[PDB]
file my_file_28.cif (mmCIF, C-alpha atoms and all ligand atoms)
data_query
#
loop_
_atom_site.label_atom_id
_atom_site.label_comp_id
_atom_site.auth_asym_id
_atom_site.auth_seq_id
_atom_site.Cartn_x
_atom_site.Cartn_y
_atom_site.Cartn_z
CA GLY A 3 -93.16 52.22 117.29
CA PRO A 4 -92.34 54.46 114.33
CA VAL A 5 -94.86 55.03 111.54
CA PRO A 6 -93.88 53.37 108.25
CA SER A 7 -93.02 55.32 105.08
CA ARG A 8 -92.93 54.57 101.33
CA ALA A 9 -91.34 56.36 98.40
CA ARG A 10 -93.94 58.45 96.57
CA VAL A 11 -92.44 57.48 93.20
CA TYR A 12 -90.74 54.43 91.72
CA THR A 13 -92.07 52.60 94.75
CA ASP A 14 -92.25 49.14 93.21
CA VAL A 15 -89.59 49.29 90.50
CA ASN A 16 -87.61 46.42 92.06
CA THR A 17 -90.75 44.56 93.09
CA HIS A 18 -91.38 43.92 89.40
CA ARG A 19 -87.82 43.53 88.11
CA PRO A 20 -86.41 40.03 87.69
CA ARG A 21 -84.80 38.80 90.92
CA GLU A 22 -81.36 38.84 89.24
CA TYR A 23 -81.71 42.62 88.93
CA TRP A 24 -81.68 43.45 92.66
CA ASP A 25 -80.46 40.20 94.28
CA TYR A 26 -76.83 41.34 94.15
CA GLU A 27 -75.66 38.69 96.61
CA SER A 28 -76.03 36.07 93.87
CA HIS A 29 -74.31 38.19 91.21
CA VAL A 30 -71.51 36.38 89.40
CA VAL A 31 -68.71 38.80 88.55
CA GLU A 32 -67.32 38.72 85.00
CA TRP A 33 -63.56 39.33 85.27
CA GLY A 34 -61.46 41.18 82.74
CA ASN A 35 -57.71 40.97 82.18
CA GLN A 36 -55.72 42.62 84.94
CA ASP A 37 -52.80 43.05 82.53
CA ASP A 38 -54.86 45.45 80.38
CA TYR A 39 -54.32 48.26 82.90
CA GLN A 40 -51.09 49.93 83.95
CA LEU A 41 -51.23 52.13 87.07
CA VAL A 42 -49.82 55.64 86.49
CA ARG A 43 -50.33 57.49 89.78
CA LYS A 44 -52.27 57.35 93.03
CA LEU A 45 -55.06 59.93 93.04
CA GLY A 46 -56.22 59.28 96.57
CA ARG A 47 -57.39 56.95 99.30
CA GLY A 48 -60.79 56.50 100.91
CA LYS A 49 -61.98 54.43 103.85
CA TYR A 50 -62.98 51.76 101.35
CA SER A 51 -60.49 51.96 98.49
CA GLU A 52 -57.51 53.52 96.78
CA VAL A 53 -58.00 55.22 93.44
CA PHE A 54 -55.36 55.35 90.69
CA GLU A 55 -55.06 57.03 87.33
CA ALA A 56 -54.13 54.37 84.79
CA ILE A 57 -53.80 53.61 81.11
CA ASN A 58 -55.74 50.91 79.33
CA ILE A 59 -52.96 49.56 77.12
CA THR A 60 -55.42 47.93 74.70
CA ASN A 61 -56.53 51.39 73.48
CA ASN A 62 -53.97 53.67 75.16
CA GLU A 63 -56.92 55.44 76.83
CA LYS A 64 -56.70 56.99 80.26
CA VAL A 65 -58.87 55.30 82.90
CA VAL A 66 -59.27 55.21 86.67
CA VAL A 67 -58.81 52.16 88.87
CA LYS A 68 -60.50 51.76 92.23
CA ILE A 69 -58.80 49.00 94.22
CA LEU A 70 -61.26 48.02 96.91
CA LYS A 71 -59.95 47.70 100.45
CA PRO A 72 -60.90 44.37 102.06
CA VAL A 73 -63.23 46.63 104.04
CA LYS A 74 -66.55 44.75 103.98
CA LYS A 75 -67.90 41.89 101.90
CA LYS A 76 -71.13 41.64 99.88
CA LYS A 77 -70.88 45.41 99.70
CA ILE A 78 -68.55 44.66 96.79
CA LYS A 79 -71.19 42.82 94.78
CA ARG A 80 -73.75 45.51 95.63
CA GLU A 81 -71.62 48.28 94.14
CA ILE A 82 -70.76 46.14 91.10
CA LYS A 83 -74.37 45.15 90.38
CA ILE A 84 -75.57 48.72 90.77
CA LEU A 85 -72.87 50.01 88.39
CA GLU A 86 -73.85 47.35 85.85
CA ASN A 87 -77.58 48.05 86.20
CA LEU A 88 -77.05 51.78 85.69
CA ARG A 89 -74.37 51.61 82.99
CA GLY A 90 -75.06 53.84 80.00
CA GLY A 91 -77.60 55.91 81.94
CA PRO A 92 -77.45 59.72 81.68
CA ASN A 93 -74.45 61.13 83.57
CA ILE A 94 -73.73 57.86 85.43
CA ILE A 95 -70.02 57.00 85.64
CA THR A 96 -69.19 54.09 83.33
CA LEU A 97 -67.72 50.96 84.82
CA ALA A 98 -65.45 49.78 82.03
CA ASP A 99 -64.13 46.59 83.58
CA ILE A 100 -63.51 44.66 86.79
CA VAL A 101 -60.22 42.85 87.39
CA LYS A 102 -58.62 41.00 90.30
CA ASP A 103 -55.74 43.00 91.69
CA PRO A 104 -52.92 40.53 92.44
CA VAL A 105 -51.36 42.71 95.15
CA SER A 106 -54.45 43.70 97.15
CA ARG A 107 -56.14 40.34 96.53
CA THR A 108 -59.37 42.28 96.01
CA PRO A 109 -61.45 43.44 93.05
CA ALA A 110 -60.31 46.52 91.17
CA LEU A 111 -63.03 48.50 89.41
CA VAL A 112 -62.01 50.31 86.22
CA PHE A 113 -63.96 53.49 85.41
CA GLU A 114 -64.04 55.99 82.59
CA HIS A 115 -61.65 58.87 83.22
CA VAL A 116 -63.16 62.33 83.73
CA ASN A 117 -60.94 65.36 83.15
CA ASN A 118 -62.58 67.26 86.00
CA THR A 119 -61.90 70.43 87.96
CA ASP A 120 -61.99 69.70 91.70
CA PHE A 121 -65.01 71.24 93.39
CA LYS A 122 -62.66 73.15 95.70
CA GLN A 123 -61.51 75.18 92.67
CA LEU A 124 -64.62 74.94 90.49
CA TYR A 125 -67.40 76.17 92.79
CA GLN A 126 -65.96 79.66 93.19
CA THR A 127 -65.87 80.13 89.41
CA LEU A 128 -69.39 78.88 88.59
CA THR A 129 -71.79 81.44 87.19
CA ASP A 130 -75.55 81.54 87.79
CA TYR A 131 -75.98 79.81 84.44
CA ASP A 132 -73.41 77.11 85.24
CA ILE A 133 -75.15 76.26 88.53
CA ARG A 134 -78.54 75.76 86.89
CA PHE A 135 -76.95 73.81 84.04
CA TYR A 136 -75.03 71.40 86.24
CA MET A 137 -77.90 71.02 88.71
CA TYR A 138 -80.08 69.91 85.81
CA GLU A 139 -77.36 67.47 84.79
CA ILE A 140 -77.23 65.98 88.32
CA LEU A 141 -81.01 65.67 88.27
CA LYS A 142 -80.79 63.59 85.07
CA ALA A 143 -78.46 61.19 86.86
CA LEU A 144 -80.66 61.11 89.98
CA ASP A 145 -83.96 60.60 88.18
CA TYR A 146 -82.28 57.81 86.23
CA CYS A 147 -80.99 55.85 89.23
CA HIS A 148 -84.22 56.42 91.18
CA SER A 149 -86.27 55.26 88.16
CA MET A 150 -84.03 52.21 88.18
CA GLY A 151 -84.78 51.41 91.84
CA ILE A 152 -81.55 52.72 93.31
CA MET A 153 -80.65 55.41 95.81
CA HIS A 154 -77.15 56.88 95.73
CA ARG A 155 -76.96 57.85 99.45
CA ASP A 156 -73.70 59.79 99.15
CA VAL A 157 -74.49 62.77 96.97
CA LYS A 158 -71.89 65.49 97.70
CA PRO A 159 -69.55 67.77 95.69
CA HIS A 160 -66.71 65.23 95.63
CA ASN A 161 -68.95 62.61 94.00
CA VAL A 162 -70.15 64.85 91.17
CA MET A 163 -67.29 65.02 88.70
CA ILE A 164 -67.40 67.89 86.23
CA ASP A 165 -65.39 68.42 83.09
CA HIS A 166 -65.92 72.16 82.83
CA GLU A 167 -64.29 72.30 79.38
CA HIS A 168 -66.82 70.05 77.64
CA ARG A 169 -69.59 70.81 80.12
CA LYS A 170 -69.80 67.12 81.03
CA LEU A 171 -70.88 65.67 84.38
CA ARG A 172 -70.63 62.23 86.01
CA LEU A 173 -72.09 60.97 89.30
CA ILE A 174 -69.50 58.65 90.87
CA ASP A 175 -68.81 56.40 93.89
CA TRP A 176 -71.82 54.10 94.09
CA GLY A 177 -70.20 52.32 97.02
CA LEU A 178 -72.95 53.42 99.41
CA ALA A 179 -75.79 53.01 96.89
CA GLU A 180 -78.67 50.62 97.68
CA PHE A 181 -81.75 49.11 96.07
CA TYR A 182 -85.06 50.59 97.23
CA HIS A 183 -87.55 48.02 98.49
CA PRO A 184 -90.84 49.28 99.96
CA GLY A 185 -90.85 48.82 103.74
CA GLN A 186 -87.16 48.00 104.01
CA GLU A 187 -85.22 49.51 106.90
CA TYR A 188 -81.79 50.89 105.92
CA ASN A 189 -78.59 51.78 107.76
CA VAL A 190 -78.62 55.46 108.75
CA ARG A 191 -74.81 55.64 108.65
CA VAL A 192 -74.58 56.79 105.04
CA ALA A 193 -73.71 60.11 103.35
CA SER A 194 -71.14 62.66 104.46
CA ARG A 195 -72.07 64.57 107.63
CA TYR A 196 -72.93 67.87 105.91
CA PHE A 197 -75.24 66.13 103.44
CA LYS A 198 -77.06 63.71 105.78
CA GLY A 199 -80.84 64.07 105.60
CA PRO A 200 -82.86 64.78 108.75
CA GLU A 201 -84.12 61.19 108.44
CA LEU A 202 -80.61 59.88 109.11
CA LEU A 203 -80.01 62.42 111.87
CA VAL A 204 -83.14 61.36 113.74
CA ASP A 205 -82.36 57.67 113.20
CA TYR A 206 -85.35 56.91 110.91
CA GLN A 207 -84.49 53.83 108.85
CA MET A 208 -87.39 53.48 106.39
CA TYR A 209 -86.13 56.19 104.03
CA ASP A 210 -85.93 56.29 100.23
CA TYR A 211 -84.72 58.13 97.11
CA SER A 212 -85.76 61.39 98.75
CA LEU A 213 -82.57 61.27 100.88
CA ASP A 214 -80.59 62.16 97.72
CA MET A 215 -82.80 65.20 97.24
CA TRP A 216 -81.91 66.60 100.66
CA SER A 217 -78.22 66.10 99.80
CA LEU A 218 -78.73 67.88 96.48
CA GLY A 219 -80.42 70.76 98.29
CA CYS A 220 -77.38 71.04 100.56
CA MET A 221 -75.16 71.24 97.46
CA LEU A 222 -77.43 73.87 95.89
CA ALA A 223 -77.42 76.01 99.04
CA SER A 224 -73.60 75.88 99.17
CA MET A 225 -73.33 76.93 95.52
CA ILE A 226 -75.92 79.75 95.30
CA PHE A 227 -74.91 81.18 98.70
CA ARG A 228 -71.17 80.54 98.33
CA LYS A 229 -70.86 78.74 101.65
CA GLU A 230 -69.42 75.22 101.40
CA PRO A 231 -70.62 73.29 103.15
CA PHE A 232 -73.86 75.10 103.99
CA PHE A 233 -74.84 73.18 107.14
CA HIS A 234 -71.43 72.93 108.79
CA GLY A 235 -71.95 70.68 111.82
CA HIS A 236 -69.14 69.61 114.15
CA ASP A 237 -70.71 66.18 114.66
CA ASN A 238 -74.00 64.43 113.77
CA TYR A 239 -75.86 66.03 116.68
CA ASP A 240 -74.66 69.54 115.95
CA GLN A 241 -75.49 68.82 112.31
CA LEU A 242 -79.19 68.58 113.23
CA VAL A 243 -78.93 71.73 115.36
CA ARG A 244 -77.42 73.62 112.40
CA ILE A 245 -80.33 72.52 110.25
CA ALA A 246 -82.89 73.38 112.95
CA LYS A 247 -81.46 76.93 113.20
CA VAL A 248 -82.60 77.48 109.60
CA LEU A 249 -85.69 75.31 109.12
CA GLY A 250 -86.75 75.85 112.72
CA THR A 251 -87.51 73.54 115.60
CA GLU A 252 -91.33 73.51 115.38
CA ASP A 253 -91.24 71.86 111.96
CA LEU A 254 -88.62 69.40 113.22
CA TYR A 255 -91.06 68.43 115.95
CA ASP A 256 -93.88 68.17 113.38
CA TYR A 257 -91.63 65.80 111.37
CA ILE A 258 -90.69 63.45 114.18
CA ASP A 259 -94.27 63.61 115.47
CA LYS A 260 -95.66 62.61 112.08
CA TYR A 261 -93.54 59.44 112.09
CA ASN A 262 -93.94 58.89 115.84
CA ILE A 263 -90.13 59.17 116.19
CA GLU A 264 -88.45 60.24 119.41
CA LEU A 265 -85.41 62.55 119.34
CA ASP A 266 -82.28 61.34 121.11
CA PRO A 267 -82.62 62.85 124.61
CA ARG A 268 -79.13 64.31 124.24
CA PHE A 269 -80.79 67.03 122.12
CA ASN A 270 -82.56 68.27 125.26
CA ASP A 271 -79.58 70.44 126.25
CA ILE A 272 -78.40 71.51 122.78
CA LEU A 273 -81.37 71.98 120.42
CA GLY A 274 -83.01 75.15 121.78
CA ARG A 275 -85.99 76.89 120.16
CA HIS A 276 -85.59 78.37 116.68
CA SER A 277 -87.91 80.05 114.24
CA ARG A 278 -87.92 79.01 110.60
CA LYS A 279 -85.80 81.50 108.64
CA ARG A 280 -86.48 83.11 105.26
CA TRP A 281 -83.83 82.24 102.67
CA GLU A 282 -83.18 85.88 101.83
CA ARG A 283 -81.11 86.32 104.99
CA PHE A 284 -78.32 84.24 103.40
CA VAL A 285 -78.13 86.55 100.39
CA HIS A 286 -75.40 89.20 100.34
CA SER A 287 -73.50 91.37 97.86
CA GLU A 288 -71.01 88.59 97.08
CA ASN A 289 -73.53 85.88 96.18
CA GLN A 290 -76.61 87.81 94.96
CA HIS A 291 -75.71 87.26 91.30
CA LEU A 292 -76.28 83.52 91.94
CA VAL A 293 -79.65 84.02 93.62
CA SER A 294 -83.05 84.53 92.09
CA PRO A 295 -86.59 84.03 93.35
CA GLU A 296 -86.61 80.81 91.29
CA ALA A 297 -83.45 79.50 93.01
CA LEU A 298 -84.82 80.25 96.49
CA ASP A 299 -88.14 78.57 95.77
CA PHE A 300 -86.39 75.52 94.30
CA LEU A 301 -84.01 75.24 97.26
CA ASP A 302 -86.93 75.70 99.65
CA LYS A 303 -88.68 72.76 98.01
CA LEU A 304 -85.65 70.44 98.31
CA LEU A 305 -84.76 71.24 101.92
CA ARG A 306 -87.80 69.87 103.79
CA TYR A 307 -87.51 67.90 107.05
CA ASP A 308 -90.23 65.53 105.82
CA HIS A 309 -88.60 63.33 103.17
CA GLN A 310 -92.07 62.69 101.71
CA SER A 311 -92.52 66.45 101.11
CA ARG A 312 -89.36 66.99 99.07
CA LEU A 313 -89.44 67.49 95.30
CA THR A 314 -88.68 64.29 93.41
CA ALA A 315 -85.92 64.42 90.82
CA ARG A 316 -88.47 64.47 88.00
CA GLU A 317 -90.52 67.25 89.64
CA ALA A 318 -87.32 69.16 90.27
CA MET A 319 -86.57 69.05 86.55
CA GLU A 320 -89.94 70.75 85.94
CA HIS A 321 -89.04 73.71 88.18
CA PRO A 322 -88.96 77.31 86.80
CA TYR A 323 -85.31 77.56 87.98
CA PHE A 324 -84.39 75.51 84.92
CA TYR A 325 -86.38 77.47 82.34
CA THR A 326 -83.26 79.49 81.46
CA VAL A 327 -81.16 76.35 80.87
CA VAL A 328 -80.81 75.42 77.18
CA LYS A 329 -82.33 72.04 76.35
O1 LIG B 401 -65.64 55.54 93.10
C1 LIG B 401 -65.89 55.69 91.88
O2 LIG B 401 -66.98 55.34 91.35
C2 LIG B 401 -65.00 56.61 91.05
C3 LIG B 401 -65.22 56.74 89.68
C4 LIG B 401 -64.43 57.60 88.94
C5 LIG B 401 -63.44 58.37 89.56
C6 LIG B 401 -63.23 58.26 90.93
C7 LIG B 401 -64.03 57.39 91.67
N1 LIG B 401 -62.28 59.01 91.55
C8 LIG B 401 -61.45 59.83 90.86
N2 LIG B 401 -60.59 60.69 91.40
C9 LIG B 401 -60.17 60.81 92.67
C10 LIG B 401 -59.26 61.82 92.94
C11 LIG B 401 -58.83 62.06 94.24
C12 LIG B 401 -59.21 61.19 95.25
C13 LIG B 401 -60.05 60.13 94.98
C14 LIG B 401 -60.45 59.18 96.11
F1 LIG B 401 -61.52 58.47 95.80
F2 LIG B 401 -60.69 59.87 97.21
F3 LIG B 401 -59.45 58.35 96.33
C15 LIG B 401 -60.52 59.92 93.68
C16 LIG B 401 -61.66 59.98 89.50
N3 LIG B 401 -60.90 60.84 88.83
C17 LIG B 401 -61.06 60.98 87.50
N4 LIG B 401 -60.26 61.84 86.88
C18 LIG B 401 -59.26 62.56 87.68
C19 LIG B 401 -58.57 63.70 86.95
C20 LIG B 401 -57.81 62.39 87.22
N5 LIG B 401 -61.99 60.28 86.82
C21 LIG B 401 -62.78 59.41 87.46
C22 LIG B 401 -62.64 59.25 88.84
#
call {"tool": "encode", "arguments": {"input": "my_file_28.cif", "output": "structure tokens", "more": "lines below"}}
Ligand SMILES: O=C(O)c1ccc2c(c1)nc(Nc1cccc(C(F)(F)F)c1)c1nc(NC3CC3)ncc12
result
Amino acid sequence: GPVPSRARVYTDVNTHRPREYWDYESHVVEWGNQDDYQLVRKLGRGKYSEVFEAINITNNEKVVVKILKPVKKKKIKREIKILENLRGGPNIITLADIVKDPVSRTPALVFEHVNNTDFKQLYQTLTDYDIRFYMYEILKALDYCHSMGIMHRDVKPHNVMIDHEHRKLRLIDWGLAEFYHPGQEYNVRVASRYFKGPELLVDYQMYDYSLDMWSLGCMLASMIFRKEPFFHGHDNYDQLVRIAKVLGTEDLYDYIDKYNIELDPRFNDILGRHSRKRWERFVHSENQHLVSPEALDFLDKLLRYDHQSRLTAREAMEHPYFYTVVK
């Protein structure tokens, strides 16, 4: 069968935490007062919830309310426990309260409100400096959750809220986040298509924090190259082909061979043979001001097939790309 894998950092963080820390199934929710929050407007709807802008009438502060769809079960406690474990950490969204919604008959999570600019408008205005700055801010959030034994598993532009006025960033939607336990096999049906790591796309279940680093690399590529998303697959199979057209097929084979993984045979008629490309080919007159040798080297070190070969969040924060960012 497949060769096992372990995280190269924070491997045993949960192993040595009290059981209450990671055993979310036994978590007892502490309920707030549902009457404290008045819904103002629907912001949107996901497969798992509806999100509302609201006012906390005990301080007249704006907040956001995520009313969970009855979609799934102990997933609710998992998200709640993770939010509580990570609360107060750098750039982690703050869960302010949890109340029982009387209409949905489900829990409603109340989060701090971020006056953000949607990524669909923001990304085309970001300067070279902004990209490095905000990347560093995401890395703070990722090193924090990884150091706390948690992988996000859904890093993507929508989940990184940015208040461009106050230069403030929050990583949100921990609904797919999980605790890392060495040797544990995880569901590969996480992350948005364009941000799925090769490990998910080849159906390798013993993955780790390094998944988030692939996703971050996908975000970086889309920002510095001005192509969002960067790997634009039509389905999960084509997604791997898109990746292989850039990183090349020989290294994909080296990857699956290392872990004694077999590709889905459906790739036999679609994958082809592809050389690894140099990143410079994606540079052109309209994005060159966002590209530097430092950016290309950093991106190159995030986007590796082998999840064990990717930069960790902490290592990423040491990269020359961030030397120009004010500390
Ligand atoms: O899941 C969580 O952890 C979580 C935490 C915090 C927020 C959040 C989700 N979603 C928000 N917005 C949003 C907008 C459109 C669509 C959807 C969707 F999810 F798709 F329904 C959500 C949101 N918006 C703001 N401020 C915006 C300027 C009012 N602040 C915080 C959040």
call {"tool": "residues_near_ligand", "arguments": {"input": "my_file_28.cif", "ligand": "ligand LIG 401 (chain B)", "cutoff": "9 Å", "atoms": "only C-alpha atoms and all ligand atoms", "output": "PDB file with C-alpha atoms, keeping the file's coordinate frame"}}
result
ATOM      1  CA  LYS A  44     -52.270  57.350  93.030  1.00  0.00           C
ATOM      2  CA  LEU A  45     -55.060  59.930  93.040  1.00  0.00           C
ATOM      3  CA  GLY A  46     -56.220  59.280  96.570  1.00  0.00           C
ATOM      4  CA  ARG A  47     -57.390  56.950  99.300  1.00  0.00           C
ATOM      5  CA  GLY A  48     -60.790  56.500 100.910  1.00  0.00           C
ATOM      6  CA  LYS A  49     -61.980  54.430 103.850  1.00  0.00           C
ATOM      7  CA  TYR A  50     -62.980  51.760 101.350  1.00  0.00           C
ATOM      8  CA  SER A  51     -60.490  51.960  98.490  1.00  0.00           C
ATOM      9  CA  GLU A  52     -57.510  53.520  96.780  1.00  0.00           C
ATOM     10  CA  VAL A  53     -58.000  55.220  93.440  1.00  0.00           C
ATOM     11  CA  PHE A  54     -55.360  55.350  90.690  1.00  0.00           C
ATOM     12  CA  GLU A  55     -55.060  57.030  87.330  1.00  0.00           C
ATOM     13  CA  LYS A  64     -56.700  56.990  80.260  1.00  0.00           C
ATOM     14  CA  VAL A  65     -58.870  55.300  82.900  1.00  0.00           C
ATOM     15  CA  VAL A  66     -59.270  55.210  86.670  1.00  0.00           C
ATOM     16  CA  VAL A  67     -58.810  52.160  88.870  1.00  0.00           C
ATOM     17  CA  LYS A  68     -60.500  51.760  92.230  1.00  0.00           C
ATOM     18  CA  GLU A  81     -71.620  48.280  94.140  1.00  0.00           C
ATOM     19  CA  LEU A  85     -72.870  50.010  88.390  1.00  0.00           C
ATOM     20  CA  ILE A  95     -70.020  57.000  85.640  1.00  0.00           C
ATOM     21  CA  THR A  96     -69.190  54.090  83.330  1.00  0.00           C
ATOM     22  CA  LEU A  97     -67.720  50.960  84.820  1.00  0.00           C
ATOM     23  CA  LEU A 111     -63.030  48.500  89.410  1.00  0.00           C
ATOM     24  CA  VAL A 112     -62.010  50.310  86.220  1.00  0.00           C
ATOM     25  CA  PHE A 113     -63.960  53.490  85.410  1.00  0.00           C
ATOM     26  CA  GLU A 114     -64.040  55.990  82.590  1.00  0.00           C
ATOM     27  CA  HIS A 115     -61.650  58.870  83.220  1.00  0.00           C
ATOM     28  CA  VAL A 116     -63.160  62.330  83.730  1.00  0.00           C
ATOM     29  CA  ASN A 117     -60.940  65.360  83.150  1.00  0.00           C
ATOM     30  CA  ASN A 118     -62.580  67.260  86.000  1.00  0.00           C
ATOM     31  CA  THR A 119     -61.900  70.430  87.960  1.00  0.00           C
ATOM     32  CA  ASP A 120     -61.990  69.700  91.700  1.00  0.00           C
ATOM     33  CA  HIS A 160     -66.710  65.230  95.630  1.00  0.00           C
ATOM     34  CA  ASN A 161     -68.950  62.610  94.000  1.00  0.00           C
ATOM     35  CA  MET A 163     -67.290  65.020  88.700  1.00  0.00           C
ATOM     36  CA  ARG A 172     -70.630  62.230  86.010  1.00  0.00           C
ATOM     37  CA  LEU A 173     -72.090  60.970  89.300  1.00  0.00           C
ATOM     38  CA  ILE A 174     -69.500  58.650  90.870  1.00  0.00           C
ATOM     39  CA  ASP A 175     -68.810  56.400  93.890  1.00  0.00           C
ATOM     40  CA  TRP A 176     -71.820  54.100  94.090  1.00  0.00           C
ATOM     41  CA  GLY A 177     -70.200  52.320  97.020  1.00  0.00           C
TER      42      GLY A 177
END
call {"tool": "residues_around", "arguments": {"input": "my_file_28.cif", "residues": "residue 143 in chain A", "least_positions_apart": "5", "cutoff": "7 Å", "atoms": "all atoms listed in the file", "output": "mmCIF file with C-alpha atoms, in the coordinates of the input"}}
result
data_model
loop_
_atom_site.group_PDB
_atom_site.id
_atom_site.type_symbol
_atom_site.label_atom_id
_atom_site.label_comp_id
_atom_site.auth_asym_id
_atom_site.auth_seq_id
_atom_site.Cartn_x
_atom_site.Cartn_y
_atom_site.Cartn_z
ATOM 1 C CA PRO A 92 -77.450 59.720 81.680
ATOM 2 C CA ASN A 93 -74.450 61.130 83.570
ATOM 3 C CA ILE A 94 -73.730 57.860 85.430
ATOM 4 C CA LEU A 173 -72.090 60.970 89.300
#
call {"tool": "residues_around", "arguments": {"input": "my_file_28.cif", "residues": "residue 159 in chain A", "least_positions_apart": "6", "cutoff": "12 Å", "atoms": "all atoms listed in the file", "output": "MDAnalysis selection string"}}
result
chainID A and resid 118:125 136:137 140 171:175 193:194 196:197 217:225 230:232
call {"tool": "atom_distance", "arguments": {"input": "my_file_28.cif", "atom1": "CA of residue 56 in chain A", "atom2": "CA of residue 108 in chain A"}}
result
17.3 Å
call {"tool": "closest_atom_pairs", "arguments": {"input": "my_file_28.cif", "of": "range 97-208 of chain A", "to": "range 273-297 of chain A", "cutoff": "12 Å", "atoms": "all atoms listed in the file", "output": "tab-separated table"}}
result
residue	atom	partner	partner_atom	distance
A:125	CA	A:292	CA	11.6
A:126	CA	A:289	CA	10.2
A:127	CA	A:292	CA	11.2
A:128	CA	A:292	CA	9.0
A:129	CA	A:292	CA	6.9
A:130	CA	A:292	CA	4.7
A:131	CA	A:292	CA	8.4
A:132	CA	A:292	CA	9.7
A:133	CA	A:292	CA	8.1
A:134	CA	A:297	CA	8.7
A:137	CA	A:297	CA	11.0
call {"tool": "closest_residue", "arguments": {"input": "my_file_28.cif", "among": "A:135, A:216, A:198, A:309", "to": "residue 169 in chain A", "atoms": "only C-alpha atoms"}}
result
A:135
call {"tool": "atom_distance", "arguments": {"input": "my_file_28.cif", "atom1": "CA of residue 33 in chain A", "atom2": "CA of residue 164 in chain A"}}
result
28.8 Å
call {"tool": "residues_around", "arguments": {"input": "my_file_28.cif", "residues": "range 258-272 of chain A", "least_positions_apart": "2", "cutoff": "12 Å", "atoms": "only C-alpha atoms", "output": "PyMOL selection string"}}
result
chain A and resi 3-8+200-209+238-244+246-247+251-256+274-276+307-310
call {"tool": "atom_distance", "arguments": {"input": "my_file_28.cif", "atom1": "CA of residue 180 in chain A", "atom2": "CA of residue 14 in chain A"}}
result
14.4 Å
call {"tool": "residues_around", "arguments": {"input": "my_file_28.cif", "residues": "residue 60 in chain A", "least_positions_apart": "2", "cutoff": "7 Å", "atoms": "only C-alpha atoms", "output": "PyMOL selection string"}}
result
chain A and resi 38+58+62
call {"tool": "closest_residue", "arguments": {"input": "my_file_28.cif", "among": "A:249, A:152, A:31, A:88", "to": "residue 212 in chain A", "atoms": "only C-alpha atoms"}}
result
A:152
call {"tool": "residues_near_point", "arguments": {"input": "my_file_28.cif", "point": "(-90.9, 48.5, 95.1)", "cutoff": "9 Å", "atoms": "only C-alpha atoms", "output": "ChimeraX atom specification"}}
result
/A:8-9,12-18,151,182-185
call {"tool": "axis_aligned_box", "arguments": {"input": "my_file_28.cif", "around": "range 36-45 of chain A", "padding_each_side": "4 Å", "output": "lines of an AutoDock Vina configuration file"}}
result
center_x = -52.8
center_y = 51.3
center_z = 86.7
size_x = 13.9
size_y = 25.3
size_z = 20.7
call {"tool": "decode", "arguments": {"input": "my_file_28.cif", "residues": "range 119-130 of chain A", "atoms": "N, CA and C atoms", "output": "PDB file, in the first residue's frame"}}
result
ATOM      1  N   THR A 119     -12.468  44.572   1.506  1.00  0.00           N
ATOM      2  CA  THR A 119     -12.702  44.811   0.093  1.00  0.00           C
ATOM      3  C   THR A 119     -12.640  43.450  -0.587  1.00  0.00           C
ATOM      4  N   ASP A 120     -13.734  43.028  -1.217  1.00  0.00           N
ATOM      5  CA  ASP A 120     -13.773  41.703  -1.836  1.00  0.00           C
ATOM      6  C   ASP A 120     -12.555  41.474  -2.727  1.00  0.00           C
ATOM      7  N   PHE A 121     -12.069  40.239  -2.749  1.00  0.00           N
ATOM      8  CA  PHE A 121     -10.839  39.950  -3.470  1.00  0.00           C
ATOM      9  C   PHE A 121     -11.016  40.222  -4.960  1.00  0.00           C
ATOM     10  N   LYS A 122     -12.246  40.092  -5.445  1.00  0.00           N
ATOM     11  CA  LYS A 122     -12.542  40.375  -6.847  1.00  0.00           C
ATOM     12  C   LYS A 122     -12.294  41.831  -7.246  1.00  0.00           C
ATOM     13  N   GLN A 123     -12.333  42.744  -6.277  1.00  0.00           N
ATOM     14  CA  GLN A 123     -11.979  44.145  -6.533  1.00  0.00           C
ATOM     15  C   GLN A 123     -10.572  44.478  -6.044  1.00  0.00           C
ATOM     16  N   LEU A 124     -10.161  43.848  -4.947  1.00  0.00           N
ATOM     17  CA  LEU A 124      -8.897  44.178  -4.298  1.00  0.00           C
ATOM     18  C   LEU A 124      -7.648  43.722  -5.055  1.00  0.00           C
ATOM     19  N   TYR A 125      -7.664  42.501  -5.575  1.00  0.00           N
ATOM     20  CA  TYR A 125      -6.454  41.932  -6.159  1.00  0.00           C
ATOM     21  C   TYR A 125      -5.895  42.751  -7.321  1.00  0.00           C
ATOM     22  N   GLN A 126      -6.759  43.387  -8.099  1.00  0.00           N
ATOM     23  CA  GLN A 126      -6.249  44.154  -9.233  1.00  0.00           C
ATOM     24  C   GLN A 126      -5.745  45.548  -8.852  1.00  0.00           C
ATOM     25  N   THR A 127      -5.833  45.889  -7.571  1.00  0.00           N
ATOM     26  CA  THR A 127      -5.292  47.154  -7.088  1.00  0.00           C
ATOM     27  C   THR A 127      -4.040  46.968  -6.214  1.00  0.00           C
ATOM     28  N   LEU A 128      -3.733  45.729  -5.831  1.00  0.00           N
ATOM     29  CA  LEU A 128      -2.599  45.481  -4.938  1.00  0.00           C
ATOM     30  C   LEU A 128      -1.265  45.785  -5.607  1.00  0.00           C
ATOM     31  N   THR A 129      -0.405  46.486  -4.881  1.00  0.00           N
ATOM     32  CA  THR A 129       0.928  46.761  -5.383  1.00  0.00           C
ATOM     33  C   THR A 129       1.850  45.619  -4.984  1.00  0.00           C
ATOM     34  N   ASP A 130       3.077  45.648  -5.506  1.00  0.00           N
ATOM     35  CA  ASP A 130       4.107  44.691  -5.108  1.00  0.00           C
ATOM     36  C   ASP A 130       4.247  44.689  -3.589  1.00  0.00           C
TER      37      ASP A 130
END
